[PDB]
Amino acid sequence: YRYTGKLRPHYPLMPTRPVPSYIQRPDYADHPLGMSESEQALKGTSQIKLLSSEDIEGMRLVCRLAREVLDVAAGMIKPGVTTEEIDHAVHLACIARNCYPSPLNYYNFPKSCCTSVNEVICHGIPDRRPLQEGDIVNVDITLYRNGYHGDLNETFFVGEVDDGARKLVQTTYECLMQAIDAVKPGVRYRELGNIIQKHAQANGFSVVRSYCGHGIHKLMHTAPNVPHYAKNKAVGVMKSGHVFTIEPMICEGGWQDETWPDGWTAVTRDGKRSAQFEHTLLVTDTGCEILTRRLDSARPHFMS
């Protein structure tokens, strides 16, 4: 395998961490290949759940806990800390909140969160590599509580970063917030990518095509599929009670991705950097509720 950049995985990984049986587990947690039968039973449907009020309450709670856990991770970002160390803390913080770390054994993913450094677009696997000054690192947190998933990520700076990094990260965050601002009953899901690419392209960056935002509630990944690039063919119109993520991945160079031999880590083909932000959003009668927002501080961690 020919690496596309300077990043390498750092093995061995620690044995997978167990989750106490008193925490409720998603279906895939105990499937030998991590398959989610509940997801597969809806494969290829474009029909979108309209959430009940109980469902809404379950999403508010899990998404709020998910944010608390991301914040724990943000507090640990510094040169010298390994991504495994961050994952171990995430793992414990999930459990302290009586939640299952949704990534754990999802299609056999080995860890409890994704840590994506520099050229890693998404789904990097926490490992023995210490963060280095000048790195940018995304932590993606997904929690499962009382039958609901909640999902968010942010890109963080490690010590001081270059101007390229700041611009990349700032623009990615703007892309996300500009898409969120357009969310309300009656908007086509396909529109969000027109907004995202327009801003990304205006800043010289590209938009990853192989990974999309998604519905999330009782299932971790479900309808709608939500592309972040322009003139996509996404099916559906937003309605009050829809819940889904927006999670744009933007790249300094080209948009093309490939996957490491590990089956997960997605990297730019050109080895240039990529950044990402994500929220889970509830479409209301008039706009949208950002379920995974910070409740206590105005800005994302990188601006603080």
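A residue's number is simply how far along the shown sequence it sits, counting from 1.
Asks: According to the deposited model, is the average Cα temperature factor higher in 230-238 or in 206-214?
Replies: So the stretch with the higher mean C-alpha B-factor is 230-238.
Asks: Going by the average Cα B-factor in the PDB entry, point out whether 185-193 or 107-115 comes out higher.
Replies: Of 107-115 and 185-193, the stretch with the higher C-alpha B-factor average is 185-193.
Asks: Highest Cα temperature factor in the entry, among the options 142, 171, 146, 83: which one is it?
Replies: When the deposited C-alpha B-factors of 142, 171, 146, 83 are compared, 146 is largest.
Asks: When the CA B-factors of 150, 75, 101, 124 are compared as recorded in the entry, which is the largest?
Replies: Among 150, 75, 101, 124, the PDB entry lists the largest C-alpha B-factor for 75.
Asks: Rank-wise, by C-alpha B-factor, drop residue 57 into the lowest, middle or highest third of its chain.
Replies: It belongs to the highest third of the chain when residues are ordered by C-alpha B-factor.
Asks: If you rank every modelled residue in this chain by C-alpha B factor, which third holds residue 291: lowest, middle or highest?
Replies: Lowest third - that is where residue 291 ends up once the chain's C-alpha B-factors are sorted.
Asks: In terms of the CA temperature factor given in the entry, to which third of its chain does residue 154 belong: lowest, middle or highest?
Replies: For residue 154, the deposited C-alpha B-factor lands in the lowest third.
Asks: Would you mind checking where the Cα B-factor of residue 269 ranks among the modelled residues of its chain, as the lowest, middle or highest third?
Replies: Middle third - that is where residue 269 ends up once the chain's C-alpha B-factors are sorted.
Asks: Split the chain's modelled residues into thirds by Cα B-factor; is residue 33 in the lowest, middle or highest one?
Replies: CA B-factor rank for residue 33: middle third.
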